[PDB]
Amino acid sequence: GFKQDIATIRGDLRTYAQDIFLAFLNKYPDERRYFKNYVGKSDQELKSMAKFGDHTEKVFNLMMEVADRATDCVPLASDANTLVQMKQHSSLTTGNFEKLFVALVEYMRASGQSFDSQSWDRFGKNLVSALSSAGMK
């Protein structure tokens, strides 16, 4: 289920983080604009970039922490606030977060693994509602 999924992703965090983030960037090309150093690079080129692996891993590490702290897939208000006031997120709207989770859910469904995709869909929706109440447009 949801808790096992967190253990699965953490077990090979580097791999899952890179593949899911690329799935996100290629599904929503407009989103790459927020990462100027990823522009004009193929998937393999990015997988070779030290900063790419490190950053994506850090993004997913925090996502897993928030997911582990949640109750019944509902994130803590404090975690939502933390994501909203991070300077790196200053110019983001809930729309950007919805797209990430759509790509994440689609990735899980398309993989071979037995992820609890329904819970992740729920988690993403609840997280987006939480960002909204936290003041994100």
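Here, rigid core means the biggest group of C-alpha atoms that superpose within 1.5 Å across both forms. The first residue of the shown sequence is 1; numbering continues from there.
S.K.: Do the Cα atoms of 76-84 or those of 47-55 sit farther, on average, from the shown form in 7 other deposited structures of this protein after fitting on the core?
M.R.: Greater root mean square C-alpha distance in 7 other deposited structures of this protein: 47-55.
S.K.: Please indicate which stretch deviates more in 7 other deposited structures of this protein: 97-105 or 36-44, judged by C-alpha RMS distance after a core superposition?
M.R.: This comes out as 36-44, the stretch further from the shown form in 7 other deposited structures of this protein.
S.K.: If you average the CA temperature factors over each stretch, which comes out higher, 127-135 or 4-12?
M.R.: Taking the mean C-alpha B-factor of 127-135 and of 4-12, the larger value falls to 127-135.
S.K.: So, looking at the entry's B-factor column for Cα atoms, which has the higher mean, 90-98 or 69-77?
M.R.: So the stretch with the higher mean C-alpha B-factor is 90-98.
S.K.: Report the option among 56, 42, 26, 111 whose CA atom has the maximum B-factor in the deposited record.
M.R.: Spelled out: the listed residue with the top C-alpha B-factor is 111.
S.K.: Where does the C-alpha B-factor of residue 60 rank in its chain, lowest, middle or highest third?
M.R.: Lowest third, going by the recorded CA B-factors of the chain.
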